[PDB]
Amino acid sequence: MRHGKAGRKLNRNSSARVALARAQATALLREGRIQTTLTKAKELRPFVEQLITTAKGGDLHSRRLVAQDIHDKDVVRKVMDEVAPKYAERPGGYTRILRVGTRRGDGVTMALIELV
Amino acid sequence: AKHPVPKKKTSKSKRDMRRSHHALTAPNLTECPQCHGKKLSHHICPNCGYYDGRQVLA
Amino acid sequence: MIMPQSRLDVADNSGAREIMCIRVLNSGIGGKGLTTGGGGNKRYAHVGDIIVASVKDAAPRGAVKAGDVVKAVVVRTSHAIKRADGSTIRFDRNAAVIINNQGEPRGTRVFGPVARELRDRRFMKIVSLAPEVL
Amino acid sequence: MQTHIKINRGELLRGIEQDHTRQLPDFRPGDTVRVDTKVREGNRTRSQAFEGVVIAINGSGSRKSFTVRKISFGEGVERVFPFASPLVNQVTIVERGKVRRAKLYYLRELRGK
Amino acid sequence: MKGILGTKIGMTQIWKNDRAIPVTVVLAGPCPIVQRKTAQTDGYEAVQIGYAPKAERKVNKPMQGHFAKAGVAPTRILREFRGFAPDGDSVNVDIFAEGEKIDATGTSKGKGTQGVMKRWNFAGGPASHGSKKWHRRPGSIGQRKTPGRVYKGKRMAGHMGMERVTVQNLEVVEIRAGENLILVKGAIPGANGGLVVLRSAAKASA
RNA sequence: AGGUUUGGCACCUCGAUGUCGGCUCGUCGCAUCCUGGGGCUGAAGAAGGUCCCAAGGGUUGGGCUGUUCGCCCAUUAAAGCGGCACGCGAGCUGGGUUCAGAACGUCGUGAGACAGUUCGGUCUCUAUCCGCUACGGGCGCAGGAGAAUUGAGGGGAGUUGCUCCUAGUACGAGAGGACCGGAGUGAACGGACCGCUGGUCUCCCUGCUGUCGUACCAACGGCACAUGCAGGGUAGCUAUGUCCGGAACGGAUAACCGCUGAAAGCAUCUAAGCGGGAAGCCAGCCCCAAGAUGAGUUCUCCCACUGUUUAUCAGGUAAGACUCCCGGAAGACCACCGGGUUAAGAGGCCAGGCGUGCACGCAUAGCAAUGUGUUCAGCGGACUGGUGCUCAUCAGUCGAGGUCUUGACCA
RNA sequence: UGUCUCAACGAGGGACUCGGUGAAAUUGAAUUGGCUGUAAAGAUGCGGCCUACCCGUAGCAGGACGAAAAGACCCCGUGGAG
RNA sequence: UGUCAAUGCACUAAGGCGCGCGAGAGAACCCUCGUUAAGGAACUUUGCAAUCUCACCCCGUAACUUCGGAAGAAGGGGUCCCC
RNA sequence: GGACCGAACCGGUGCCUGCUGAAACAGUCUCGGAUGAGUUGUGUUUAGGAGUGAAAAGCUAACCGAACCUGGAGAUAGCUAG
RNA sequence: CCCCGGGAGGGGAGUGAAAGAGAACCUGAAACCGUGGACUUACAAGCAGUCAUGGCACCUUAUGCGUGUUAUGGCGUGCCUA
Ligand SMILES: CC[C@H]1OC(=O)/C=C/[C@H](C)[C@@H](O[C@@H]2O[C@H](C)C[C@H](N(C)C)[C@H]2O)[C@@H](C)C[C@@H](C)C(=O)/C=C/[C@H]2O[C@@H]2[C@]1(O)CO[C@@H]1O[C@H](C)[C@@H](O)[C@@H](OC)[C@H]1OC
Ligand SMILES: [Mg+2]
Ligand SMILES: [Mg+2]
Ligand SMILES: [Mg+2]
Ligand SMILES: [Mg+2]
Ligand SMILES: [Mg+2]
Ligand SMILES: [Mg+2]
Ligand SMILES: [Mg+2]
Ligand SMILES: [Mg+2]
Ligand SMILES: [Mg+2]
Ligand SMILES: [Mg+2]
Ligand SMILES: [Mg+2]
Ligand SMILES: [Mg+2]
Ligand SMILES: [Mg+2]
Ligand SMILES: [Mg+2]
Ligand SMILES: [Mg+2]
Ligand SMILES: [Mg+2]
Ligand SMILES: [Mg+2]
Ligand SMILES: [Mg+2]
Ligand SMILES: [Mg+2]
Ligand SMILES: [Mg+2]
Ligand SMILES: [Mg+2]
Ligand SMILES: [Mg+2]
Ligand SMILES: [Mg+2]
Ligand SMILES: [Mg+2]
Ligand SMILES: [Mg+2]
Ligand SMILES: [Mg+2]
Ligand SMILES: [Mg+2]
Ligand SMILES: [Mg+2]
Ligand SMILES: [Mg+2]
Ligand SMILES: [Mg+2]
Ligand SMILES: [Mg+2]
Ligand SMILES: [Mg+2]
Ligand SMILES: [Mg+2]
Ligand SMILES: [Mg+2]
Ligand SMILES: [Mg+2]
Ligand SMILES: [Mg+2]
Ligand SMILES: [Mg+2]
Ligand SMILES: [Mg+2]
Ligand SMILES: [Mg+2]
Ligand SMILES: [Mg+2]
Ligand SMILES: [Mg+2]
Ligand SMILES: [Mg+2]
Ligand SMILES: [Mg+2]
Ligand SMILES: [Mg+2]
Ligand SMILES: [Mg+2]
Ligand SMILES: [Mg+2]
Ligand SMILES: [Mg+2]
Ligand SMILES: [Mg+2]
Ligand SMILES: [Mg+2]
Ligand SMILES: [Mg+2]
Ligand SMILES: [Mg+2]
Ligand SMILES: [Mg+2]
Ligand SMILES: [Mg+2]
Ligand SMILES: [Mg+2]
Ligand SMILES: [Mg+2]
Ligand SMILES: [Mg+2]
Ligand SMILES: [Mg+2]
Ligand SMILES: [Mg+2]
Ligand SMILES: [Mg+2]
Ligand SMILES: [Mg+2]
Ligand SMILES: [Mg+2]
Ligand SMILES: [Mg+2]
Ligand SMILES: [Mg+2]
Ligand SMILES: [Mg+2]
Ligand SMILES: [Mg+2]
Ligand SMILES: [Mg+2]
Ligand SMILES: [Mg+2]
Ligand SMILES: [Mg+2]
Ligand SMILES: [Mg+2]
Ligand SMILES: [Mg+2]
Ligand SMILES: [Mg+2]
Ligand SMILES: [Mg+2]
Ligand SMILES: [Mg+2]
Ligand SMILES: [Mg+2]
Ligand SMILES: [Mg+2]
Ligand SMILES: [Mg+2]
Ligand SMILES: [Mg+2]
Ligand SMILES: [Mg+2]
Ligand SMILES: [Mg+2]
Ligand SMILES: [Mg+2]
Ligand SMILES: [Mg+2]
Ligand SMILES: [Mg+2]
Ligand SMILES: [Mg+2]
Ligand SMILES: [Mg+2]
Ligand SMILES: [Mg+2]
Ligand SMILES: [Mg+2]
Ligand SMILES: [Mg+2]
Ligand SMILES: [Mg+2]
Ligand SMILES: [Mg+2]
Ligand SMILES: [Mg+2]
Ligand SMILES: [Mg+2]
Ligand SMILES: [Mg+2]
Ligand SMILES: [Mg+2]
Ligand SMILES: [Mg+2]
Ligand SMILES: [Mg+2]
Ligand SMILES: [Mg+2]
Ligand SMILES: [Mg+2]
Ligand SMILES: [Mg+2]
Ligand SMILES: [Mg+2]
Ligand SMILES: [Mg+2]
Ligand SMILES: [Mg+2]
Ligand SMILES: [Mg+2]
Ligand SMILES: [Mg+2]
Ligand SMILES: [Mg+2]
Ligand SMILES: [Mg+2]
Ligand SMILES: [Mg+2]
Ligand SMILES: [Mg+2]
């Protein structure tokens, strides 16, 4: 049974679940938009949304919080001093997804997730 | 050998009997409003890349 | 939740140090003494219930030696005992008090607290001997 | 299948529950006297008191409770009071404790001085 | 006899003369009489009462004209109550009296496809001493050739929960009539936010 | 009489019908262990004996032994007897006896043997059909649709103690000690539920070690499990935790008890007739149910479109669905429920609750390990609302024109 | 001390759904129900009576005297070998 | 690097690899795991299995003996950081 | 020191898992030896009623109470099938 | 030479009596897989046939004549071996 849910196991253990959502947040932040499986995108959406909301605070604490997950110093810098400040007057919804059909090899359906 | 095993070979009729359920569903394709090609719903028109505006290359 | 095989401590000077229960009864003290049982299937001893038990260990210079079968009433569960207002109780160790077939304690005194529920089930003298009816 | 009435079940529960909620002195894992009423002894209303360390606090509203642990004649005891239980008179802070975690069950198997 | 519809809101702690009482809170929101079933017209006596409102933009034309003939706003939910003959509309007010016993019907929380241990209390096999029947796994289902089928109605893995369920002779602890709140002792079937019917205790005590 | 024992016989099975016991799961008989109703008694009461009716439900936990049995412990209303391939190994054990090793006793010159005794010793991932539990698709149910429903029939349930009142009464020299009716509280079992008490809660919060890294310090991340370890822990799920249940009334019956009563001028419960009478039968309680093809009933909706004897039935549409999208205390898939811009569905954002237990940074005290303040701090999964910041875009598929006969009412 | 009363919650790997590749043992043919009876003596397939719309998917193991090895026990052969 | 020592264990350097189907779902059941109220062998043929124990210091250590041993008997204590 | 603990190494104790396997004997866990009657490489010698064997009728090229291959040979088959 | 295709494969054109021989190259049976059409089947119990009758369909050993299919009724225990 499962009448309350944090998201997905994907098909991975606690350690990986994390390492993935971290890496994919890092790439969407470095890259503005990326396409991946529709699932992994839906799973990415709130992690990265909350991450930008953390960095939106400006003080050293929020930067060190972001450093906890985005372990590449330049992406954290960009999110801190570039992207979050831009999202200043935006109350969430930093992120959007749109779906782009189906893949050849596994016949899986990819989609794009991009900064708003 | 193989604990459970089947008893008599199944009939040409009953075998196609079970299969009355494997027909594929055709996509509900629709006409893209800008590229004048066909596209899956709630996805991005592959031909022109458009999705109200235009997101993907080519 | 006392059940057969589970070893209790004795809260009386009756001379057992600790018993091991071997049955779980129904135990109305009931004007002619203890009642006959209330069904042969009850599974768990609670505070206030009576149990049969072997006496696995005993005081040298006893009134009650090792190996006597005996009937003790239970007075301290590690199990929570909840109450009509909402409160719960619970003691660090399970313990009982050996008693005769009219229910009265066999020792001269009880040792440690006893659950107020003993007063509920008319165990007058056990309640009277104990230092605190918690 | 389930009704979809527009409803804040939050505040429906809150109205019920606030009629039977009661606030107490601010303790926090260090010890106190719970003075309380045993109507339970006969038709008379005897009084009795439990002084012990507070080893946890749980819930909120009707449901909030706190847990005292004392030693009576050698055997340890713990008890669980609803703040709003009618069989509870006044709590009062005997002491103030410098504890370092919300729950602090480590004193179950510490019993000493 | 008496009946009404409401949503299950939750369970809490209470007191009445120093007895702690678990209670389930229920919203017996006012119900409207959409249909009246005479025997002389529909072959038996009953009343069709409605519950959770919905906006007419979501109400298709046939249901619209149903509700419209009766003069009522559209309701997401409708039910019949046998032998009721109410008037005006069926509010929980006074329809239940404090301290009444009442039959509470609801819908079991849906537990999906349960095994035999969960479903029928099987208590399958030993977890050591050497099986691969450790978990559920019923033992036998028959007895060799003797009828040589397995019995109809056999207990087996299946869909547990999601059943209709009635629990009889729950007590009415409290009635906040103006709020349309009804406080009932003990548990009621199904999850919060669900539909539930309170009706007069069908097995009235002697 | 039965067919559960040992047997006779040798009928199917030697191109295989796996055998003892346990476990699991049941279900049937009744020649009834308990409960329910009766007759008789060497039946005062109580406690019994024994026979008749009765198969609804119920029928405990351990020691010894492979055991089945049986003896014992401690209970019980009772601790029933049998069938079902001595039920049940494509369901599990493998303790027992029917393989190879080895030993004792015994027999045999021997090889070897057994009525024996003893330690050891491979139990075969994929269900075709039928049968069963769950779940869908199709068609049907004389138009096409959305809902509400009668209940033919079917399933579940069905146990029992203790105490108290009657009443220290009837009864009995006494000790003792009732039926009938009326209360109350338990056990076991079951259904639902998560407020309580608890369990868990694999990354929600903290603490801790080694080592590697983000240049260094400080602060963090990885690995130590598929959580490195430890301490807590919300929603959810959950029992040992709660709440509810077994019925009352009624109809026909069993043994049996009677009324009226002949044959048979008396008598007789039966020969006609009639009443009483059980945990059993039917109904009542809960659940399912019109594929009840005998396909039922009620409220509401949409309505008479179009095509030359050539394509003859199809096609645009209505009412209304469906695909698709976002979700769900729904769920393997399907199905079911909610939302989809005339929008609070979900995420996010805000506020709150709850969990953790006082953050970083700075200051300060101290030689330092650390302590103190800023700070009930900081951080925060699943909880309660609000909010148009994100996605629920745009669209496509499908879906009525109502057969005939007979009868009544109408113009 | 989950072996047990008595099982719960959580994890991962399968099992389930979609896209790719795609076996096997077995198979007289099959339009392959229940009771009772009869039959070479344990009937889907004979008789009577009941029940049952067509077709799947996930699952259970009572039947199909289920599968595997022309019984290793037993007897037989004027069979064999140590 | 750490840890009495070590080719042990943990993390890691150089170096080498992620094991030639993939994506979701988060039912029964099966495997390999983590925790568990009260009870603690009542399980069973048998504590089978799985817990518990666990390294190094210190104190302490029985019947019996072939005087070597039984012996790591049994049991108790310590273990971190700083001056 | 046919002493102790214990890696390598040699081994194979109990349970599970595997049973149309990853594998015609294995895997994880656990367990025995671990300076000796020890482990191992290369070269070489002994064979069919024969060799070897700290001895099970074990092993003698994946099934040894007498190996494999060819041959006598279409052995013989009071037996079963057709 | 031309067309669709990365190719494979094919469709034309041309040679040839013939491509109804095209290099997966004589014939090309059957099992086995498919497409289209006639007649038909979603209340039904079945060794699958057989007899009987009605319906529908077609007429090249062929208009009383059938041939194909079908509904309902009756009847009906595969083959072989032993
Ligand atoms: C399960 C393990 C093996 O089976 C058995 O032990 C036994 C199986 C049956 C039960 C038995 O039947 C019984 O006989 C009785 C005499 C009579 C009885 N009647 C009453 C029905 C009958 O039931 C036998 C004789 C049947 C017959 C077809 C046969 O000979 C099968 C042989 C082998 O395939 C099997 C295995 O599965 C192979 O497992 C092997 O195990 C090794 C350890 C592995 O290394 C591996 O080897 C590489 C693996 O594969 C080979
Ligand atoms: Mg996968
Ligand atoms: Mg780029
Ligand atoms: Mg924030
Ligand atoms: Mg602390
Ligand atoms: Mg559910
Ligand atoms: Mg179990
Ligand atoms: Mg079987
Ligand atoms: Mg049968
Ligand atoms: Mg016989
Ligand atoms: Mg004969
Ligand atoms: Mg055979
Ligand atoms: Mg035998
Ligand atoms: Mg009888
Ligand atoms: Mg009687
Ligand atoms: Mg009497
Ligand atoms: Mg017994
Ligand atoms: Mg013992
Ligand atoms: Mg029986
Ligand atoms: Mg027999
Ligand atoms: Mg048997
Ligand atoms: Mg088998
Ligand atoms: Mg054996
Ligand atoms: Mg001799
Ligand atoms: Mg052994
Ligand atoms: Mg064995
Ligand atoms: Mg498999
Ligand atoms: Mg109509
Ligand atoms: Mg009925
Ligand atoms: Mg029927
Ligand atoms: Mg009196
Ligand atoms: Mg009086
Ligand atoms: Mg008198
Ligand atoms: Mg009475
Ligand atoms: Mg219960
Ligand atoms: Mg239940
Ligand atoms: Mg909780
Ligand atoms: Mg953590
Ligand atoms: Mg660390
Ligand atoms: Mg540092
Ligand atoms: Mg690393
Ligand atoms: Mg590493
Ligand atoms: Mg933890
Ligand atoms: Mg008379
Ligand atoms: Mg009569
Ligand atoms: Mg009567
Ligand atoms: Mg009864
Ligand atoms: Mg009809
Ligand atoms: Mg038409
Ligand atoms: Mg429309
Ligand atoms: Mg929907
Ligand atoms: Mg919808
Ligand atoms: Mg918009
Ligand atoms: Mg809401
Ligand atoms: Mg608004
Ligand atoms: Mg907050
Ligand atoms: Mg200083
Ligand atoms: Mg985080
Ligand atoms: Mg689970
Ligand atoms: Mg899982
Ligand atoms: Mg059929
Ligand atoms: Mg016969
Ligand atoms: Mg038969
Ligand atoms: Mg036939
Ligand atoms: Mg038949
Ligand atoms: Mg039918
Ligand atoms: Mg199976
Ligand atoms: Mg067989
Ligand atoms: Mg033979
Ligand atoms: Mg011879
Ligand atoms: Mg080193
Ligand atoms: Mg190593
Ligand atoms: Mg290499
Ligand atoms: Mg704990
Ligand atoms: Mg102990
Ligand atoms: Mg036992
Ligand atoms: Mg035992
Ligand atoms: Mg034994
Ligand atoms: Mg062991
Ligand atoms: Mg000496
Ligand atoms: Mg010495
Ligand atoms: Mg010894
Ligand atoms: Mg030694
Ligand atoms: Mg040595
Ligand atoms: Mg060896
Ligand atoms: Mg090895
Ligand atoms: Mg050793
Ligand atoms: Mg040794
Ligand atoms: Mg020789
Ligand atoms: Mg060999
Ligand atoms: Mg080879
Ligand atoms: Mg040979
Ligand atoms: Mg020959
Ligand atoms: Mg010759
Ligand atoms: Mg010969
Ligand atoms: Mg070309
Ligand atoms: Mg070509
Ligand atoms: Mg050609
Ligand atoms: Mg040709
Ligand atoms: Mg060919
Ligand atoms: Mg070719
Ligand atoms: Mg070619
Ligand atoms: Mg030629
Ligand atoms: Mg050819
Ligand atoms: Mg066609
Ligand atoms: Mg065809
Ligand atoms: Mg028909
Ligand atoms: Mg026919």
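Residues numbered from 1 in each chain as written, not as in the entry; some residues may be left out. Chains lettered and ligands numbered in written order. Part of a larger assembly, values for the part shown. Heavy atoms only, no water. Residues with missing side-chain atoms left out of burial classes, pairs and counts.

Participant: Pulling in residues and values, what's your account of the sheet that holds strand β1 (residues 33-37) of chain A?
Facilitator: All names here are of chain A. Strand order across the open sheet formed by 3 strands is β1-β3-β2, with antiparallel pairing between neighbours. Each end of this open sheet is capped by a strand with a single partner; those strands are β1 and β2 (95-102). Each strand axis lies, on average, 25 degrees off the axis of its neighbour in the sheet, ignoring direction. Strand direction decides the pairing type here: β1 and strand β3 (residues 109-115), joined by 5 bridges, are antiparallel. The partner of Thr36 across the bridge, within β3, is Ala111. Sitting on the sheet, helix α1 (residues 14-31) touches β1, β2 and β3, and the angle it makes with β1 is about 145 degrees. Its contacts with the sheet put helix α2 (residues 38-55) on β1, β2 and β3, and the angle it makes with β2 is roughly 175 degrees. (Pairing = 2+ DSSP bridges. Helix = DSSP H or I, 4+ residues; strand = E, 2+ residues; numbered from the N terminus. Axes fitted to C-alpha atoms, helices over the stretch in contact; angles between N-to-C directions. Contact = heavy atoms within 4.5 Å.)

Participant: Summarise the packing of aromatic side chains; cite the residues concerned and give the values.
Facilitator: One pass over the full model with this rule turns up 7 aromatic pairs over all chains. Measuring from ring centre to ring centre gives 5.6 Å for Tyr87 of chain A and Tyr94 of chain A, while their planes differ by 50 degrees; the resulting arrangement is tilted. An identical accessibility class is assigned to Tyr87 of chain A and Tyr94 of chain A; each is buried. One aromatic cluster in this structure is built from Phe27, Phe50, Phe66, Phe81 and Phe83 of chain D. Cation over ring: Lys70 of chain D sits above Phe50 of chain D, and NZ or CZ is 5.1 Å from the ring centre. (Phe/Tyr/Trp six-rings, centres within 6.5 Å; stacked < 30°, edge-to-face > 60°. Buried < 20%, exposed > 50% of the residue type's maximum accessible area, 1.4 Å probe, protein only. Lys NZ or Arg CZ within 6 Å of the ring centre and 35° of its normal.)

Participant: Mind laying out the interface of chain E and chain D, listing which residues take part and the relevant values?
Facilitator: Opposite the 24 residues of chain E that make contact, chain D presents 21 residues. Regarding the contact of chain E and chain D, the summed buried area is about 2,000 Å², with carbon and sulfur atoms giving 65% of it. Three residues, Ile9, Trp15 and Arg176 of chain E, lead the burial of chain E against chain D; their summed loss comes to 28% of the area buried on that side. Put simply, chain E and chain D have 1 salt bridge between them. Note that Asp19 of chain D is salt-bridged to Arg176 of chain E, the shortest N-O span being 3.2 Å. Linking chain E to chain D there are 7 residue pairs in polar contact. Put simply, the parts of the chain that give the side of chain E that touches chain D at least two residues each are β1 (3-16), β2 (19-27) and β10 (181-185) of chain E. (Buried area = accessible area lost by both parts, 1.4 Å probe. Salt bridge = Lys/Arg side-chain N within 4 Å of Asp/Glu carboxyl O. Polar contact = N/O pair within 3.5 Å; in protein donor to acceptor, adjacent residues only side chain to side chain.)

Participant: Describe in detail the interface of chain D and chain C, supporting the description with residues and values.
Facilitator: Each partner contributes residues to the interface: chain D has 20 residues there, and chain C has 21 residues. Surface buried jointly by chain D and chain C totals about 2,000 Å² across both partners, of which 44% is contributed by carbon and sulfur atoms. The three residues of chain D that bury the most area against chain C are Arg40, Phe73 and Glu75 of chain D, which together make up 32% of that side's buried surface. Applying the counting rule to chain D against chain C returns 8 salt bridges. Of the charged contacts in the structure, one is a salt bridge between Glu75 of chain D and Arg76 of chain C, with a shortest N-O distance of 3.5 Å. Scanning the region where chain D abuts chain C turns up 12 residue pairs in polar contact. Mapped onto the side of chain D that touches chain C, the elements with two or more residues apiece are β3 (65-72) and β4 (75-82) of chain D. Here the side of chain D that touches chain C takes 7 residues from β4 of chain D, the largest share from any one element. Of the residues that constitute the side of chain D that touches chain C, the class distribution is 5 nonpolar, 5 polar and 10 charged. As paired elements, strand β6 (residues 88-91) of chain C and β4 of chain D share 4 bridges and run antiparallel to each other. Bridging across to β4 of chain D, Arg90 of chain C finds its partner in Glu78 of chain D. (Nonpolar A, V, L, I, M, F, W, Y, C, P; charged D, E, K, R; others polar.)

Participant: Please give an account of the UniProt feature "binding site: Zn(2+)" in chain B that cites residues and values.
Facilitator: Residues and elements named next belong to chain B. Under the present numbering, the feature "binding site: Zn(2+)" in UniProt falls on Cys32, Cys35, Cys45 and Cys48. The annotated residues occupy 17 residues of the chain but converge on a single region, no pair of C-alpha atoms lying more than 9.0 Å apart. Checked against the element boundaries, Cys32 lands in the loop between β1 (30-31) and β2 (38-39). Its relative accessible area of 2% is what places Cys32 among the buried residues. If we ignore the near neighbours within four places in the chain, the residues touching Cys32 are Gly37, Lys38, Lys39, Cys45 and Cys48. As for its placement among the helices and strands, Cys48 is situated in the loop between β2 and β3 (50-51). Filtering out sequence-adjacent residues up to four positions away, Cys48 remains in contact with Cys32, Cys35, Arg54, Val56 and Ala58. (UniProt positions renumbered as here; feature names shortened; annotations may be inferred.)

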